[PDB]
Amino acid sequence: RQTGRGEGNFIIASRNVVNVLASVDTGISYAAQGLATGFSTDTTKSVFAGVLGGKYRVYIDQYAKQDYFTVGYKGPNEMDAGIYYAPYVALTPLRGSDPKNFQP
Amino acid sequence: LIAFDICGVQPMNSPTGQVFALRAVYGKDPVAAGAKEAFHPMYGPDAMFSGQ
Amino acid sequence: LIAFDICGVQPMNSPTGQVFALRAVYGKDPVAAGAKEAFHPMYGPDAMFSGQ
Amino acid sequence: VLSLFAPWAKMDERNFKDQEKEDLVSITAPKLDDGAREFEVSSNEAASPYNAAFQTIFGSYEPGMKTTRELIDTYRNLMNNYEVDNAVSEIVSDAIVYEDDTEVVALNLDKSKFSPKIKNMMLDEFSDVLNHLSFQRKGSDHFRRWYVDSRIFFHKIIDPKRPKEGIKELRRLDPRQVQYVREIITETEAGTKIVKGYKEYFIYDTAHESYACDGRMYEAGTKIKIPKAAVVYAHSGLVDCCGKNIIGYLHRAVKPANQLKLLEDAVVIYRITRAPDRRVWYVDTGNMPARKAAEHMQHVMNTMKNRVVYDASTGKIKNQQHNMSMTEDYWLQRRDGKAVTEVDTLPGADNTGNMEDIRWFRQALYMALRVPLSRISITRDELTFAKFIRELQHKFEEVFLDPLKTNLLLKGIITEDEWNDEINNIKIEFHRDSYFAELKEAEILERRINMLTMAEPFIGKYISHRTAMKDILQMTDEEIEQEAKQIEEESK
Amino acid sequence: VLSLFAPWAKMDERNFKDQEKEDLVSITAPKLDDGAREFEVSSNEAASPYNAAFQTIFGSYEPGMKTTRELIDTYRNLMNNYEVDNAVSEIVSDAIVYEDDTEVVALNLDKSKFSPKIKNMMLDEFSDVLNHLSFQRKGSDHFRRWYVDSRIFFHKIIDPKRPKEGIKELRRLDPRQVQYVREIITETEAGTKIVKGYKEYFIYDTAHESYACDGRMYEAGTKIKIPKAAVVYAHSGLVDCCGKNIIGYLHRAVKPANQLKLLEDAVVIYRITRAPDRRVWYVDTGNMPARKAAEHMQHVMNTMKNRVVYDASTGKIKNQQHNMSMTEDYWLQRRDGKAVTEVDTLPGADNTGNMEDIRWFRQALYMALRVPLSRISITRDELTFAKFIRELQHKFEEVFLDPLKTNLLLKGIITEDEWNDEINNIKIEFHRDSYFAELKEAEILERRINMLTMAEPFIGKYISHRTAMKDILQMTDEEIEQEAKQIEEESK
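Residues numbered from 1 in each chain as written, not as in the entry; some residues may be left out. Chains lettered and ligands numbered in written order. Part of a larger assembly, values for the part shown. Heavy atoms only, no water. Residues with missing side-chain atoms left out of burial classes, pairs and counts.

cryo-EM is the method the PDB entry lists for this structure, together with a resolution of 4.5 Å.

In structure tokens form, the structure reads like this:
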């Protein structure tokens, strides 16, 4: 409703939220829970935990200060983003030395 | 990292770039207090405007 | 937009159309206060009309 | 992760598992020279089928197709341009030759086969594949597009509830609506060389959001991941200086095609501008504020303007009557003795050419289109061109061999292992124009006959009859004996 | 829509339904190769009758068909220009061939037949198909229109009360008034991948209320929906850089055709202007109010103006005496001791060219018009050209397959299944220029004889007679036996 372009399609959240998502039956069912298997919880390997119901891309915010989640929308285009980053210059190395003492 | 998984980029070829945007606006003068957007996603369309 | 199949359309090849309805009636007089419709779903049949 | 494509997902996963059981490891290489774009994933990410959605999103910020679209759009226009188009036409014409009461490309199973029953089935299947593609009617169009675009893709259809029988006709996928990608499913102690099966799947897209002349109102929205096995495709072994950018055959023409166009238009503009008479009238309108000065100018120009028009529908002069003056006599006046009022005549698009540059460039361009210099007997140039045509055919052909494998495999006619053992060589032969083939053979024979004739005086003295038959007439031993058998019977 | 098309709707609705019955699913892109303009639609459960039509009619009608009109207008304008007219004529002449008392397009039913007499029925219908075009007298014109316009459409007539005997003569539709469309009749999860049946009907446009060179057009202004079965049509497999913007064979030459005539016209105007003499008199009219100042200028003009014009009706100078001046003696009464009143001449129509650049451009155009290089024996260029003509005939051919299957099906001669197995190939052949056809064979024979002649010294020594017949004379074995048997009979 707020953007007029599309519904939320990703979630970035505290690991704890993810632990819950991964341990609950997210499908339409009677009731259920168990050990977390649904999403990766291991920030060692990724950030991307998995896709919730095959609908939302779930990511882990490893620096959540309390415990929260953010849900948002990103369209197929670059204009339909909400947030933009036009890098123009990035990670360009500098190499040389300072000959006065000739250190690198 | 997932820095751009959800971010538009369109990298610039100059510093300090610009973006344009367009709203469909009704009420004769597009620049006016009370001017309204024809396809506003939250506000409903005015059916009297084109009718009664 | 919502499909217009949520309602009838009957697009016309002319303005100003008309619709005719055939209301079965009873009580010996088609036009009278109190005259009744034979198959109006809100009401049961007049169980004693042809009877007592 | 669409279950709709499960039959092929199953094929890709089985292939992948077989790759997992292979020891082609300790490889630094991406394991590919020409093909799918390279990306890397962790093995834990890759383990989930939904990794495809994740990788698709990454790829979306390094679009891939945007570049291919620019290249193809360019190629499409080169094809559209005169003296480009025709080269393509000749190439297409030789690549796929049609004739009355004649065959079309066909599968020739004259090599080792698992079974004659399979052989019969494969030949019929090949025909069904051509029928699916409407090859007999459109084979040359598919080829043309492939040549120009560098590639062609098709979507396979499986029932899929009866996926042995419900094998249906291919849907051509237009390059720019699709990309081929490959992922590294591994990590190690700095520099993984672990078996990388890569899966090598496709992503579907489309977009008419950007400028179009007409006929374009659609957009994929989200992208779709398609199993490798679900797509029939072929592409030329033509790549860019980098990455995995696939290049079309007309890429060579990008420079000179436009240089020629550029020169041609410049010549035309030069010739047209300044062709008709052009002249400027000047009026001495000094010592006035400006708006007033103009009255003097108007008092002249409203009489001097040659208000006459040339009719290009009918070669006539509008407002000319009478037929034509012997002269155009004008009177111009000045308010002083100062030679300021005057009329200038202007150039003059002079016939400077020397129209040689455009010709040099045209010839260079034409050659660049991969055609004989003899075009605007049998020569090296023709033979070279024919080799080229065969090279095109033998890449294009994947368009038939791929669905052949798939359909037979689904039906339960062949196994994959059998496929790999038979091919090797199950070559499909293309029809070639019998006219030219006859000319070539006849010329070869003429030369062989002349050599034989000249050798004759010592055919029973220094060299033998057999010698001449095998060396000059280039006959095999079997050919010689069999030919003799027939001769001996005819002599009776 | 209209009950008028009820028998067609019956045919179209059934075809649609039968196509839907096949689960050609899991297909991303709509299964469309070429032709019709698709309009994506969606539906609730299965279909949204007339809801989709509102959206489709307005959505496609408004932003469209302008291009179509322009292309047709362009093609006609192109056709009307010098040498285009000829190029078209040559194509039409070569494409539609008939001669005194010879063959015409014919349905070659040499393949398996139902019992087998269906061929007689089909051949009789074929004759009527031609009669319904009056092809035997108008075939050249129908073809020309198709070729030039890139497309042609005809309305089919049904009784309709006793439809079996109802097919009548065809009704051609106006160019630029036909929109061929498809609907994507489906929507689902993440974008429809559901069988794409489309219906594939036409929209009949009306009221081309615009203008053309020297005229105006008129029509109704209605939009009529039709299923497909109702119309006989064909179009070239030619599309521009975008979408399904269908173009003609004439499209490729539009550019150069116009720049060529523009260059010729530029030469013409160059030569015309300045042709007569031209010179301006400058007059010093200073120290006077305009009222009087004008007298000096008016006086010189009134008495010394060259009032003589050329008689282009009769080669003479209009009513002049004496017959011709030896010199034109002019003079001026100078107001002061200053060269301020004088004549200043202008350059004439000098023979600047070198009007040769135009030769390159015309050469390029001739070729661009899709004609043999040699037009202003046997050659690769001719063979190529003939193949082109043959393909044009194949594309055009549908005009005789469509009404043929239509009445065979309407009448009860053939079933749909039978049609589908017969074709495959029931190709309608055509006559080829008899002079050149015989010449080609003659040239072939001469070459074959020369080879036999050279081969002769060894036809009983190294090469058998049967072999020579097979390789030198390119004979089949049946052909060889027939020739031997006829010889044996003649020998007795």
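Caption draft 1: Region of interest: the pairing of strand β3 (residues 151-158) of chain D. Residues and elements named next belong to chain D. Most of β3 sits inside the fold, with eight of its eight residues counted as buried. Where burial is concerned, the two faces of β3 agree: the one with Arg151, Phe153, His155 and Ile157 and the one with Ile152, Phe154, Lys156 and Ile158 are both buried. Alignment of β3 against strand β4 (residues 167-173), held across five bridges, turns out to be antiparallel. Counted as the bridge partner of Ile157 is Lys168 from β4. (Buried < 20%, exposed > 50% of the residue type's maximum accessible area, 1.4 Å probe, protein only. Helix = DSSP H or I, 4+ residues; strand = E, 2+ residues; numbered from the N terminus. Pairing = 2+ DSSP bridges.)

Caption draft 2: Local environment of the packing of aromatic side chains. This model, assessed by the stated rule, comprises 46 aromatic pairs over all chains. Taking 5.1 Å as the distance between ring centres and 40 degrees as the angle between the ring planes, the aromatic pair formed by D:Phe143 and D:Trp146 counts as tilted. Here D:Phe143 pairs with D:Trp146, and both are found in helix α7 (residues 135-149), just three residues apart, close to one helical turn. Note on D:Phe143: relative accessible area 1%, which makes it buried. Geometrically, the ring pair formed by E:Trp281 and E:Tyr330 is edge-to-face, given 6.1 Å between the ring centres and 65 degrees between the ring planes. (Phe/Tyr/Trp six-rings, centres within 6.5 Å; stacked < 30°, edge-to-face > 60°.)

Caption draft 3: Structural view of the side chain of E:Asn245. Looking at where E:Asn245 falls in the secondary structure, it is placed in the loop between β10 (231-235) and α7 (254-272). Once you skip the residues sitting within four places of it in the chain, E:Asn245 turns out to touch D:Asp214, E:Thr67, E:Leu71, E:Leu238, E:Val239 and E:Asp240. (Contact = heavy atoms within 4.5 Å.)

Caption draft 4: Region of interest: the sheet that holds strand β12 (residues 324-325) of chain D. On the basis of which strands lie adjacent, the open sheet formed by three strands has the order β12(D)-β12(E)-β13(E) and antiparallel pairing. Of all strands in the sheet, those bounded by a partner on one side alone are β12 of chain D together with β13 (316-317) of chain E. Relative to β13(E), strand β12 (residues 309-311) of chain E runs antiparallel, the two sharing two bridges. Following the sheet pairing, E:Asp311 is matched in β13(E) by E:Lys316.

Caption draft 5: Inspection of the environment of D:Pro256 at higher detail. With respect to the helices and strands, D:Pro256 occurs in helix α8 (residues 254-272). The spatial distance from the C-alpha of D:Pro256 to the C-alpha of D:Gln363 is 10.0 Å, given a sequence separation of 107 residues.

Caption draft 6: Quick look at the nonpolar core. Among the nonpolar cores identified, the biggest contains 125 residues, and D:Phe143, D:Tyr147, D:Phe400, E:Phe143 and E:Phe400 are the most heavily contacted of them. Among the elements that make up this core, the one with the highest residue count is helix α9 (residues 357-368) of chain E (seven residues). When sequence neighbours within four positions are dropped, the list of residues in contact with D:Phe143 reads D:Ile91, D:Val92, D:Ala95, D:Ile96, D:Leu392 and D:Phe396. The next biggest cluster of nonpolar side chains, apart from the first, holds 17 residues, and it includes D:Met11, D:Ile167, D:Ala229 and E:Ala29. (Core = buried A, V, L, I, M, F, W, Y, C linked by side-chain atoms within 4.5 Å.)

Caption draft 7: Inspection of the packing of helix α10 (residues 357-368) of chain D against α9(E) at higher detail. Put simply, α10(D) and α9(E) touch, their axes get as near as 11 Å, and they point 25 degrees apart. By the angle between their directions, the pair α10(D) and α9(E) is classed as roughly parallel. For α10(D) against α9(E), the interelement crossing comes out left-handed. Residues D:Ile358, D:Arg359 and D:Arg362 of α10(D) form the contact with α9(E), whose own contacting residues are E:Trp360, E:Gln363 and E:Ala364. (Axes fitted to C-alpha atoms, helices over the stretch in contact; angles between N-to-C directions. Parallel < 35°, antiparallel > 145°, perpendicular 65-115°, else oblique. Left-handed = near helix turned anticlockwise from the far one by under 90°.)

Caption draft 8: Here's a closer look at the pattern of salt bridges. Using the criterion set out here, one finds 62 salt bridges over all chains in the structure. Between D:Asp94 and E:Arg380 there is a salt bridge whose closest N-O contact spans 2.7 Å. In this pair, D:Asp94 sits in helix α5 (residues 85-95) while E:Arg380 sits in helix α10 (residues 380-397), so the two residues belong to two different chains. By relative accessible area, E:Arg380 is classed as buried at 12%. Residue D:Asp174 pairs with D:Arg176 through a salt bridge whose shortest N-O separation is 2.7 Å. D:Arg176 gets classed as buried once you look at its relative accessible area, which sits at 15%. In this structure, a network of salt bridges that share partners links the residues D:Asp73, D:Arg76, D:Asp149, D:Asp174 and D:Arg176. (Salt bridge = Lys/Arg side-chain N within 4 Å of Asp/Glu carboxyl O.)

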